[PDB]
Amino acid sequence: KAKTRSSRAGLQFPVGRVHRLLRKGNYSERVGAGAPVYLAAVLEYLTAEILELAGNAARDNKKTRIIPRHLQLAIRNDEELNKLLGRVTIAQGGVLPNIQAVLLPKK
């Protein structure tokens, strides 16, 4: 008889949990039915976007397992994700290869 609010909304992310985390969070006295559905979809979408590009970067390294380095390379190579995460450190991410042109040897 029971069907998860997620299976109804077409999501892998837990609508039920998002709803509870909104309540136990002191964000507002009340919480509209759709708010946790929307919010769950947004977080899923952004997760797909990152796992998509992290996947591609793992593929380029002849690798099947996404590591933090793959997450860093995807995020910092994307203008929008890099801005969203502009004040965030990926542990064990390292940096993009970048050597200022004038530091390159002459011949």
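Residue numbers run from 1 along the displayed sequence.
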So which stretch wins on mean C-alpha B-factor, 7-15 or 85-93?
7-15
Higher average CA B factor in the deposited record is what I'm after, so tell me if that's 54-62 or 70-78.
54-62
Just say lowest, middle or highest third for the CA B-factor of residue 47 relative to the other modelled residues in its chain.
lowest
Lowest, middle or highest third: where is residue 35 by Cα B-factor in its chain?
middle
